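Next comes just one chain, in structure tokens: the form deposited in one PDB entry.
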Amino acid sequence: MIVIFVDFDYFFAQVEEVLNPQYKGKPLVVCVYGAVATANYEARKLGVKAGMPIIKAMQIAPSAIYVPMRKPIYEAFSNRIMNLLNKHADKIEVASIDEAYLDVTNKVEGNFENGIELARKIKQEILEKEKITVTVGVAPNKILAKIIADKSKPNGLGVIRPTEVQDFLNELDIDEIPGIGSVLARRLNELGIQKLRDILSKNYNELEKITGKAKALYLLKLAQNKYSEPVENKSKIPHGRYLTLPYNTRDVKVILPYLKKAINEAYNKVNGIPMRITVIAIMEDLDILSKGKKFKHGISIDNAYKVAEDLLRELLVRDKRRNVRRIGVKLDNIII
């Protein structure tokens, strides 16, 4: 398997800089309501990092611009670029607006050197046609392609050939294993294991008592290099809309038209078929009821109306007391 993984570099801020060239070179930070969304690198070198209150941002980065978040344009860019990547790939799994996994194995016919050259070609094209720069990792499975991409930011072309895999898998701190953030890392680092391969010479059972059977297994077959969940033709990008009701009703014969309109425009922002539908509702006190059903086969818009109606009715059966103010729908797990 040859997996080329593409992650867009500080995306939002860069869509900005492309749109406003006079942002390029001076700190530019993007906001969500207020807190930091993305942030370019001239702004990074000053202590500006995602999720922090704009407060700290300004106090440590005063020469910085501060724009609001225009998501629709970013989604425009990510859409154009995903379509770029869809042409050089045999299979593509869209993980987010930011990132894609391409199985390009038949495209370079099993030849890793040709895969690397292809990644080069991809970068060149993305930057030529949309002035955007990406950080790429090339590897035999998804996880390593990613680990080497995150290790190759910014504007990088990371690389782990089959020859290198085992070696890499050795020298690899536990905290650099996606799915282990800060606390599990602290525990294992403080309870024995410092690096991935150290997991092998343990008792496994009392590793599950720290992580859970699943994630422990995953850590194994990764330490064993027995990992190869393949690249699926899917988008994990959520698509859905919320609509406010005239008053605070609690009656399906009023909500239904508003839910059916939420669905229609969620089912229109999506190319492909969803495997999950989630009905969401903001109650009187803004309390939110989330409730979704999964479908191994795709869900048609027509059957989506009925399934949603049932999800809703089931929600209102869960509440009985309060009424509904807003109505919402999310469509997930998308086959393409």
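The first residue of the sequence shown is number 1, and the count goes up from there.
Beyond the structure shown, there is the form deposited with a small molecule bound, which is absent from this document and is the topic of what follows.
- For the three marked residues, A37, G51 and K153, a heavy atom of each sits within 4.5 Å of the small molecule in the bound PDB entry.
- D98 is the sole member of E125, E75, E265, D98 with a non-hydrogen atom within 4.5 Å of the small molecule in the bound PDB entry.
- The contact with the small molecule in the bound PDB entry, taken as any heavy atom within 4.5 Å, belongs to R44 out of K293, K56, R44, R70.
- The closest heavy atom approach of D9 to the small molecule in the bound PDB entry falls within 4.5 Å.
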